[PDB]
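This report concerns only the one structure given below.
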2 protein chains.
Amino acid sequence: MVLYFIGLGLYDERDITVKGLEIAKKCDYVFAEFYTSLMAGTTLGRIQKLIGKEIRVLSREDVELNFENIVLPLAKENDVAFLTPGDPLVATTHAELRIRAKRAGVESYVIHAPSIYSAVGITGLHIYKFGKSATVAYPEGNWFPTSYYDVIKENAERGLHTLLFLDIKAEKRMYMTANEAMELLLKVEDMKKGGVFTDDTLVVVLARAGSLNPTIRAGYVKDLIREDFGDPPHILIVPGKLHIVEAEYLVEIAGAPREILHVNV
Amino acid sequence: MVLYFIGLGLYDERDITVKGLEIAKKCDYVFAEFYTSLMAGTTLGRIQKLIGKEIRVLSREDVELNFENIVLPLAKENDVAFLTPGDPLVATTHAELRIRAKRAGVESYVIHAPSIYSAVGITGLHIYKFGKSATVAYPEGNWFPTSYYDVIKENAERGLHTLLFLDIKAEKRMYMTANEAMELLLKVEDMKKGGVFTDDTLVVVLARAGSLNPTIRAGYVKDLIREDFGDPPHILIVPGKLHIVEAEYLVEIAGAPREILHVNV
Ligand SMILES: Nc1ncnc2c1ncn2[C@@H]1O[C@H](CSCC[C@H](N)C(=O)O)[C@@H](O)[C@H]1O
Ligand code: NA
């Protein structure tokens, strides 16, 4: 009669919370989805071994189209868990799944875990200064989307930071790198010419947040565009004007050029 | 000779990640602060029992003025942990402590935990739609903080949601309620008269996120301003323009007036 939405956290099998693990262990059935994001520091086998339960993986279609025929039926006479990378309900369409549970007469509870939305605090950028967030998508065929560029412009214009999620092809296990994102934004800039993203724009790259050894780098596009940030996933951030303390952290912790202490403050 | 910044999560001792617990258990010394937020479902005693270590709690003064004299010295010859509610770097000035660590020749690592910043997902509001955040601070003497009002105005004009962290005076055991925040906002509205926050404004309240049964309520200020939302901590959210599914969730899960199902596109 109960469905538990449990987050797996940021990077590996140990990023689930103690509460999430203990509840998952008591569930009769355990489902998971890795189409919204993958757990790059672990494997399904390692997550299964930790939880001590067979984990049934669900595809995007399984969830978006058939959540009520696959997960909810079991949740009516058993305790069921639905595992997702990061924090539950962060993915845009997941909150609606709780409405489906209610419509099916199934109680649901949420067990939180770390999300990139809060983990970016490790960049030293003040959380309150982040504005609207966006995703950088690959142009395809006759389609060249550029809304994420407008988001950066509107945020920066108001002195706010912009969190940029990079395109991911979950099943194909293909990720957009920070380098690719930068190249794309420069191309968008050439078309928009709004002076929003250029070789002189200061950016911050966060890779493998959650890991004990994440990659945190800050610098100008002209210098970071061809830098190796390691294995994905990569997160790109275009900060707005910096508080001197944010600048100092980026220099001391993220290897940013001392130049930002006067150019971007 | 390492220093770990480990988050304890949203509500109780089980909101710590497995990674954080495993590491905290093996540290020689464990420090913590409980002035940046309130974990309403646990006690120092329960946390110590879980980690199996005696925890020395530090005051804001101990940290802000003496972190390098109290904690850092021990990190030179031992493994030290510094625990905090939620995520250690979110809506705190703790990130700056990593700079102090580096200057003392002490390596530091960050272990994230669920944060109220991403827990907003449980309100059904798309997290990417949140704009600049702010804190409703208690007036002090003749000083009456009001900038948080302008933040709401700025986001609202852009159709973005506004997360409002609420004040806390841990040494006085004072935790601002959503009701108190609403009263203060109405007072600022009377003074500024910008039509930003009135009795007809739609607001969302999230209390004790992390617990299994948090209070999630949505409705007009005129109706919620005197409602009992349970024990602290609370956060207040002023949504911007709503998507159809966001409104549906607020009505179905947060008990909002069915009339908000209607969106003025
Ligand atoms: N479990 C919880 N439920 C509701 N609000 C919470 C909360 N935990 C923190 N807050 C809100 O955030 C304020 C503390 S700000 C510090 C936040 C913390 N680092 C984190 O990562 O969550 C509180 O005064 C309250 O308004
Ligand atoms: Na945000």
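Whatever order the structure lists ligands and atoms in, that order sets their numbers, starting from 1. Chain A is the first sequence line, chain B the second, and so forth, proteins listed ahead of strands; every chain is numbered from 1. The analysis underlying the following values was restricted to heavy atoms, covering all of them including side chains, and did not include hydrogens, waters or symmetry mates.
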| remark: protein heavy-atom neighbour closest to atom 17 (C) of ligand 1 works out as B/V90 O, 3.4 Å
| request: Return the minimal non-hydrogen interatomic distance between A/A207 and A/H234, and the atom names on each side. | output: CB-CD2, 3.6 Å
| message | Please tell me whether B/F82 and B/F67 form a close aromatic pair, meaning their ring centres lie under 6.0 Å apart. | response | yes
| query | Has B/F165 got any heavy atom lying under 4.0 angstrom from an atom of ligand 1? | reply | yes
| field | Step-by-step salt bridge (charged side-chain N to carboxylate O under 4.0 Å, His left out) determination, B/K102 to A/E252 | value | CA-CA 8 Å; B/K102 181 191 174 183; A/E252 305 289 312; 3.4 Å; yes
| message | Assess, by modelled atom type and distance only, whether the side chains of B/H243 and B/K129 contain a donor and an acceptor separated by less than 3.5 Å. | response | yes
| Quick one: which ligand 1 atoms are inside 4.0 Å of a heavy atom on B/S37? | 8 (N), 9 (C), 14 (C)
| field | Distance-only N or O hit between ligand 1 and B/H234, under 3.5 Å | value | yes
| field | Donor-acceptor contact present, side-chain A/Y117 to main-chain A/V90, <3.5 Å | value | no
| field | atom 7 (C) of ligand 1 [closest protein heavy-atom partner, distance rounded to 0.1 Å] | value | B/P233 CG, 3.5 Å
| Is there a side-chain contact between B/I70 and B/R56, using heavy atoms and a 4.5 Å cut-off? | yes
| message | Pairs of nitrogen or oxygen atoms closer than 3.5 Å, one from B/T92 and one from ligand 1: do any exist? | response | no
| Between the side chains of B/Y35 and B/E171, is a donor N or O closer than 3.5 angstrom to an acceptor N or O? | no
| query | Would B/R14 and A/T17 count as having a side-chain donor-acceptor pair, cut-off 3.5 Å? | reply | no
| request: Would you mind listing which atoms of ligand 1 come within a distance below 4.0 Å of any non-hydrogen atom of B/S115? | output: 20 (C), 21 (O), 22 (O)
| query | So which protein heavy atom does atom 22 (O) of ligand 1 come closest to, and at what separation? | reply | B/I116 N, 3.0 Å
| message | Let me check your reading of the structure: within less than 3.0 Å of the Na ion (ligand 2), is there an N/O/S atom from A/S133? | response | no
| message | Could you tell me if B/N155 and A/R158 have a donor-acceptor pair between their side chains, going purely by distance under 3.5 Å? | response | no
| Numbered atoms of ligand 1 (with element) below 4.0 Å of B/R208, judged on heavy atoms | 3 (N), 4 (C)
| said: At under 4.0 Å between heavy atoms, is it the side chain or the backbone of B/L38 that contacts ligand 1, or both, or neither? | reply: neither
| task | Measure the distance from atom 14 (C) of ligand 1 to every protein heavy atom, then report the residue, atom name and distance (to 0.1 Å) of the closest one. | result | B/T36 O, 3.1 Å
| request: Give the residue and atom name of whichever protein heavy atom lies nearest to atom 5 (N) of ligand 1, and the separation in Å to one decimal. | output: B/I235 CG2, 3.2 Å
| remark: min-distance protein heavy atom vs atom 3 (N) of ligand 1 -> B/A209 N, 3.0 Å
| request: Look at atom 23 (C) of ligand 1 and say which protein heavy atom is nearest, naming residue and atom and giving the distance to 0.1 Å. | output: B/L166 O, 3.8 Å
| query | Which ligand 1 atoms, with their elements, are less than 4.0 angstrom from a heavy-atom of B/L206? | reply | 4 (C)
| Ring center gap for B/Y4 and B/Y109 short of 6.0 angstrom | yes
| said: Testing the 3.5 Å rule here: is there a donor-acceptor pair between the side chains of B/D62 and B/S59? | reply: yes
| Just distances here: any N/O of B/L10 and N/O of ligand 1 closer than 3.5 Å? | yes
